[PDB]
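Numbering (the working numbering), first residue to last: 7 to 92.
From the three backbone atoms N, C-alpha and C, an ideal C-beta is built for every residue, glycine too.
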Amino acid sequence: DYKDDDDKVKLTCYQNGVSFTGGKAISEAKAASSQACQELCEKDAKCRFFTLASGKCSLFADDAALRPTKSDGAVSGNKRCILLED
(Lines of atoms letter the chains of each structure in order from A and count residues from 1; the text may use other names and numbers.)
(Lines give C-alpha, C1' and ligand atoms only; values in the text may rest on other atoms or scores of the structure.)
Protein backbone atom coordinates (compact mmCIF):
# COMPACT_ATOMS: atom_id res chain seq x y z
CA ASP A 1 0.00 0.00 0.00
CA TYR A 2 0.91 3.70 0.10
CA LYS A 3 3.54 5.11 -2.26
CA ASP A 4 6.25 2.95 -0.69
CA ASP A 5 5.21 0.05 -2.92
CA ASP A 6 5.34 2.30 -5.99
CA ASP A 7 9.13 2.42 -5.64
CA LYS A 8 11.43 -0.60 -5.67
CA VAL A 9 14.70 -1.19 -3.80
CA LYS A 10 17.80 -3.32 -4.35
CA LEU A 11 18.36 -6.13 -1.84
CA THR A 12 20.83 -8.22 -3.84
CA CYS A 13 24.46 -7.38 -3.05
CA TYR A 14 26.41 -10.59 -2.43
CA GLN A 15 29.69 -11.85 -3.88
CA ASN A 16 30.92 -15.44 -3.64
CA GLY A 17 34.65 -15.13 -3.01
CA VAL A 18 36.17 -15.80 0.40
CA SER A 19 35.18 -15.64 4.07
CA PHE A 20 36.78 -13.31 6.61
CA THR A 21 38.67 -13.60 9.90
CA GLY A 22 41.22 -11.96 12.16
CA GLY A 23 39.26 -8.76 11.72
CA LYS A 24 37.24 -6.60 14.10
CA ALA A 25 33.78 -8.14 13.68
CA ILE A 26 31.15 -6.47 15.86
CA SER A 27 28.47 -9.07 15.17
CA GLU A 28 28.13 -12.38 13.35
CA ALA A 29 25.11 -14.45 12.32
CA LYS A 30 24.54 -18.16 11.71
CA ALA A 31 22.67 -18.07 8.39
CA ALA A 32 23.21 -19.92 5.12
CA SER A 33 22.56 -17.10 2.66
CA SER A 34 23.85 -13.52 2.76
CA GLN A 35 20.22 -12.49 2.36
CA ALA A 36 19.49 -13.41 5.97
CA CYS A 37 22.73 -11.69 6.94
CA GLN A 38 21.48 -8.52 5.26
CA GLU A 39 18.22 -8.45 7.23
CA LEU A 40 20.04 -8.97 10.53
CA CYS A 41 22.69 -6.40 9.66
CA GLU A 42 19.94 -3.89 8.87
CA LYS A 43 18.84 -4.10 12.51
CA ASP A 44 22.38 -3.19 13.54
CA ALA A 45 23.48 0.44 13.27
CA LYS A 46 27.12 -0.67 13.33
CA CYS A 47 27.09 -2.81 10.18
CA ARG A 48 28.32 -1.66 6.77
CA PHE A 49 30.29 -4.47 5.12
CA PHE A 50 28.91 -7.91 5.98
CA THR A 51 30.66 -11.19 5.19
CA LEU A 52 28.85 -14.53 4.98
CA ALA A 53 30.65 -17.88 4.94
CA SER A 54 29.83 -21.57 4.50
CA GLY A 55 27.25 -20.96 7.21
CA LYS A 56 28.10 -17.88 9.26
CA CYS A 57 27.52 -14.18 8.54
CA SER A 58 29.92 -11.45 9.64
CA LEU A 59 28.94 -7.77 9.66
CA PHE A 60 31.80 -5.28 9.90
CA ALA A 61 31.66 -1.58 10.78
CA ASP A 62 34.97 -0.81 9.07
CA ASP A 63 38.06 -2.39 7.52
CA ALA A 64 41.04 -3.27 9.70
CA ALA A 65 42.73 -6.66 9.35
CA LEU A 66 39.81 -8.87 8.30
CA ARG A 67 41.47 -11.23 5.82
CA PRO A 68 40.14 -14.29 3.93
CA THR A 69 40.56 -17.92 4.99
CA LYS A 70 38.49 -20.11 2.67
CA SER A 71 36.20 -20.01 -0.37
CA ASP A 72 33.96 -22.92 0.65
CA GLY A 73 30.56 -21.33 0.10
CA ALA A 74 31.89 -17.96 1.22
CA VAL A 75 29.85 -14.93 0.19
CA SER A 76 31.00 -11.50 1.38
CA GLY A 77 29.77 -8.03 0.47
CA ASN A 78 30.10 -4.31 1.11
CA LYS A 79 27.99 -1.20 1.72
CA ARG A 80 27.76 -0.22 -1.95
CA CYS A 81 27.33 -2.54 -4.93
CA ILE A 82 27.22 -0.47 -8.11
CA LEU A 83 28.62 3.06 -7.96
CA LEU A 84 30.63 5.39 -10.20
CA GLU A 85 29.81 3.99 -13.64
CA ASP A 86 28.64 5.23 -17.05
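Here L17 carries a coil assignment [DSSP, helix/strand/coil].
Taking the Cα of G83 as reference, the smallest distance to any Cα among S40, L90, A35, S33 is reached at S40. DSSP places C63 outside any alpha helix (DSSP H); the residue lies instead in the beta strand (DSSP E), whose first and last residues are 63 to 65. As the crow flies, the alpha-carbon of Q21 is around 14 Å from that of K76.
If the five residues before and after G23 are omitted, its C-beta is found closer than 8 Å to the C-beta atoms of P74, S77, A80, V81, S82, all from its own chain and listed in chain order.
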